[PDB]
Each structure stands twice: as C-alpha cells, then as structure tokens.
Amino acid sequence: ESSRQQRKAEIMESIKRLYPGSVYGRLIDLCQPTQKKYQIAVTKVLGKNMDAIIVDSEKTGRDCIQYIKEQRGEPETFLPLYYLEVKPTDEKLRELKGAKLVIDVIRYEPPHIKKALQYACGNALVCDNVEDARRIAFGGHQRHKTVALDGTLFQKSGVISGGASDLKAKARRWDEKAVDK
C-alpha cells in the first residue's frame, strides 16, 4: 500500500529533525511549473529528480543516507546544492524559434533552489509538438535536448521516450503540492 509513501515521509521528517536547517525537502516541494500547459513537460524532464531530496552539503547527504541505511529505509537521492557541479543556463537558446528553456517555465521559491534546477533541467527545451521537438533536437550536428507538451523527450544521446497517459497522471502531483502549500 501507500505505506511506502508514508514511510519515506517519516524518514524525511526524522532527518529534518536530525540536521535542522540542512534538509530542504524534495524538489517537488520547492518549485512549480509556471503554467498548466507545461506541467507534463516539466514532469518528464525532471523525472526522478522530482523526488530527489535537496540538502546543503555532501556531508548532510552522506549522514542522511547513513541514517536511512541503519533504519532499513528505501534508497533516496540527495542533491547537495552547494556541492553540485553545474554550469549556468545557455541563454542563447532562448533565441531558437519554436522552443523555450524548460527551466524558464519553472518557478522556485528559495533562490538557491536554482542550483538544483540547473542540475535537473540543464539546457532542456520545450516545444509545442513532437515534430517541432524532433526537428530542433536532431536537426543539427549539435543536438538539443527537447520535450514536447505530451512528454515525448528527445535527448542529445539520441534516446527517445514517452508515454503520455502515465505522464499526465504523474503531473497531477504538482497541483497537490501547491494546495499543501
């Protein structure tokens, strides 16, 4: 059952108590797609990083994993904001017609969450349709990572992925988190 969900929530509250101002929450707790029409694309690009736990430092991440291991809790991914190796967003890509930067369609509240979004989004772009997304991603010897509104993703590696119905259901989490507040 959803005991898995309640149990990760207990672990999370425990480690928040253990390392008070060091564990911020899951990425899904800390940002939101700016408009409804982009929620599926944001959901697809973020992927499993929606549930990554954002922390300050590598030591916090290591201590948290050690706690989880001792308690026999399920594995978690920790993104230490101040240790992640990220490059600034390539703003020239805003000039590509038919495409927006995915990170431009996410808002986030503590300014330092920008670093987790740079990690998770990089220079991914969102396009209106599958044909637009494929042309911009594969059209050049310099490929791009693009995602259409239905969640079909084209990666620089040449990987292609999707599943529109599953992604629609996953994106319902965003409005639930907004309610929660």
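So that there is no doubt, residue numbering starts at 1 and follows the sequence shown.
Stretch with the greater mean C-alpha B-factor as recorded in the entry, comparing 127-135 against 150-158: Per the PDB entry, the higher value belongs to 127-135.
Per the entry, higher mean C-alpha B factor between 92-100 and 73-81: The stretch with the larger average C-alpha B-factor is 92-100.
Assigned third (lowest, middle, highest) for the C-alpha B factor of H141: Highest third, going by the recorded CA B-factors of the chain.
Third of the chain, ranked by Cα B-factor, where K59 sits: CA B-factor rank for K59: lowest third.
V105 - which third its CA temperature factor falls in, relative to the rest of the chain: Ranked within chain, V105 CA B lands in the middle tercile.
Ranked against its chain, the third holding the CA B-factor of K115: Tercile = middle for this residue's CA B-factor.
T34 CA temperature factor, ranked by third within the chain: Within its chain, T34 is a middle-third residue by C-alpha B-factor, going by the deposited values.
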